[PDB]
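In what follows, a single structure is set out as structure tokens and then discussed.
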Amino acid sequence: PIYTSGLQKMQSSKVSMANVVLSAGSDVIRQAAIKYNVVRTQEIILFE
Amino acid sequence: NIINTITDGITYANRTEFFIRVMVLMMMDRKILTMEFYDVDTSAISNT
């Protein structure tokens with residue numbers, strides 16, 4: 001968080017109270033999932 | 001089962017062992033053909 005037009009609220013080494021906070025909502029922790037399909041072309045042994 | 005093969009099918013090995021069996025049969029099988037005959041007319045027959 002920067003000031004109104006000052007440098008930065010982490011340079012003056014002076015504490016501030018009313019800066020701005022991000023918030024998310026109910027569910028932002030949905031774990032993710034992927035899936036793969038496998039099929040192989042050449043086996044190890046072969047040929048009649 | 002005369003020729004092991006890595007597959008579960010009707011692959012060439014079938015044809016091969018089939019050859020082997022009939023070949024070793026014809027190696028054996030010394031037979032002589034003998035037979036009797038009827039005796040028929042030849043003028044009362046269409047085909048010559």
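Residue numbers start at 1 in each chain; chains themselves are named A, B, ... in the order of the structure tokens; ligands are numbered from 1 in the order shown.
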
Give me the residues of chain B that have any atom at most 9 Å from an atom of chain A; for each, the nearest atom pair and the distance in Å, rounded to one decimal. Use only C-alpha atoms, sort by chain and number, and format it as a tab-separated table.
residue	atom	partner	partner_atom	distance
B:5	CA	A:48	CA	6.4
B:6	CA	A:46	CA	6.4
B:7	CA	A:48	CA	7.5
B:11	CA	A:48	CA	5.6
B:12	CA	A:48	CA	5.6
B:13	CA	A:48	CA	6.1

Once you have the residues from the selection above, write them out as a compact mmCIF listing (two decimals), in the first residue's frame, restricted to C-alpha atoms.
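Contents of selection08.txt, freshly written:
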# COMPACT_ATOMS: atom_id res chain seq x y z
CA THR B 5 5.04 -66.93 -28.81
CA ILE B 6 4.46 -63.71 -26.88
CA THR B 7 0.83 -63.08 -27.81
CA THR B 11 -0.79 -65.47 -35.05
CA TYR B 12 1.47 -66.96 -37.72
CA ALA B 13 2.85 -69.48 -35.23

Contact residues around residue 4 in chain A with only C-alpha atoms at 12 Å, ignoring same-chain residues under 4 positions, as a list in words: residues 8, 9, 18, 19 and 20 of chain A

Convert the current residue selection to file output with N, CA, C and O atoms, as an mmCIF file, in the first residue's frame.
data_model
loop_
_atom_site.group_PDB
_atom_site.id
_atom_site.type_symbol
_atom_site.label_atom_id
_atom_site.label_comp_id
_atom_site.auth_asym_id
_atom_site.auth_seq_id
_atom_site.Cartn_x
_atom_site.Cartn_y
_atom_site.Cartn_z
ATOM 1 N N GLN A 8 5.851 5.635 -0.148
ATOM 2 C CA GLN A 8 5.481 4.252 0.106
ATOM 3 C C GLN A 8 5.299 4.045 1.599
ATOM 4 O O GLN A 8 6.055 4.603 2.396
ATOM 5 N N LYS A 9 4.325 3.238 2.000
ATOM 6 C CA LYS A 9 4.048 3.105 3.420
ATOM 7 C C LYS A 9 4.997 2.121 4.076
ATOM 8 O O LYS A 9 4.694 1.573 5.137
ATOM 9 N N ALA A 18 -5.108 2.968 8.587
ATOM 10 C CA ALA A 18 -6.329 2.791 7.819
ATOM 11 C C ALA A 18 -6.089 2.408 6.370
ATOM 12 O O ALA A 18 -6.897 2.757 5.509
ATOM 13 N N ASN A 19 -5.027 1.676 6.079
ATOM 14 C CA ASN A 19 -4.758 1.328 4.696
ATOM 15 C C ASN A 19 -5.750 0.288 4.201
ATOM 16 O O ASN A 19 -6.680 -0.094 4.909
ATOM 17 N N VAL A 20 -5.538 -0.174 2.972
ATOM 18 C CA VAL A 20 -6.566 -0.912 2.257
ATOM 19 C C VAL A 20 -6.216 -2.392 2.163
ATOM 20 O O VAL A 20 -5.055 -2.769 1.989
#

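Checking B:42, B:48, B:1, B:34 one by one against residue 18 in chain B, counting only C-alpha atoms, you find the shortest gap at B:1.
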
Distance in Å - CA of residue 10 in chain B versus CA of residue 24 in chain B: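 Spanning CA of residue 10 in chain B to CA of residue 24 in chain B is a straight-line distance of 21.7 Å.
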
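Residues of chain B assigned to helix (DSSP H, G or I) by DSSP on this structure's backbone: residues 13, 14, 15, 16, 17, 18, 19, 20, 21, 22, 23, 24, 25, 26 and 27 of chain B.
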
Long-range neighbours of residue 2 in chain B as a PyMOL selection string, 10 Å cut-off, only C-alpha atoms, 5 positions minimum in chain: chain B and resi 13-14+16-18+20-21

Length of the CA of residue 19 in chain B to CA of residue 4 in chain B vector [Å]: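 These atoms are spaced 15.2 Å apart.
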
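Here CA of residue 28 in chain B is placed at a distance of 21.6 Å from CA of residue 3 in chain B.
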